[PDB]
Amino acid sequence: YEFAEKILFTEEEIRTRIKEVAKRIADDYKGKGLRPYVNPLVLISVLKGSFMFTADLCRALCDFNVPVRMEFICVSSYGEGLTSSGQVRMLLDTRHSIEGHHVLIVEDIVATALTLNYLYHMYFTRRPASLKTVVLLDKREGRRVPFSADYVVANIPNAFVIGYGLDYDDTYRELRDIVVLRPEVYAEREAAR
């Protein structure tokens, strides 16, 4: 990728880490007696970014016999830009109630944590049986508000990453690898506005 400063994780690496995280989620939830139809683990996939991670994660979870039920929601905060708007917009909420069910919010990245903080708070008041979060990437040095996900596949430095569902101006979501976007590429693009 000529627009990439560097590749952080290859597709193979992500796949490996996701399987390991799935095995852990499976072990941690064993006592919950998850069962299809009556007791699935509800995966709240945060669109658009989480589509890819969710697709691969639910499969890895299936490998470990963890039955799941997908709920796709859509939340917006960065829009076409590089930084948090400071506002988290709910564009689509869950189709069904989460009350009394085990819920795992599936996110591609946590940076300032405004998104996950807003989401966790919203669902928390809905009284699910349990509420946890799994993030693909944790940009630890990017927090504006505190938040610690229950499961983290990878930690990354303070650089704008793209690929594997993550975008910059709704571009690059389709990359198989996670890469650092060159500032000369986003600067030119940002300049175009």
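Residue positions are given as counts along the sequence shown, with the first one as 1.
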**Message:** Can you tell me whether 59-67 has a higher mean C-alpha B factor than 150-158 in this record, or the other way round?
**Reply:** 150-158
**Request:** Return whichever of 133-141 and 49-57 has the greater mean Cα B factor according to the PDB record.
**Result:** 133-141
**Asked** Among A111, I73, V103, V88, which carries the highest Cα B-factor?
**Response** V88
**For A22, the third of its chain into which the C-alpha B factor falls** = lowest
**Item:** Third assignment of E107 from its chain's C-alpha B-factors
**Value:** lowest
**Request:** Using the B-factor values recorded in the entry, state whether the Cα atom of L181 falls in the lowest, middle or highest third among the modelled residues of its chain.
**Result:** highest
**Message:** How does the C-alpha B factor of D169 compare with the rest of the chain: lowest, middle or highest third?
**Reply:** highest
**Asked** Taking the entry's C-alpha B-factors for this chain, is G163 in the lowest, middle or highest third?
**Response** lowest
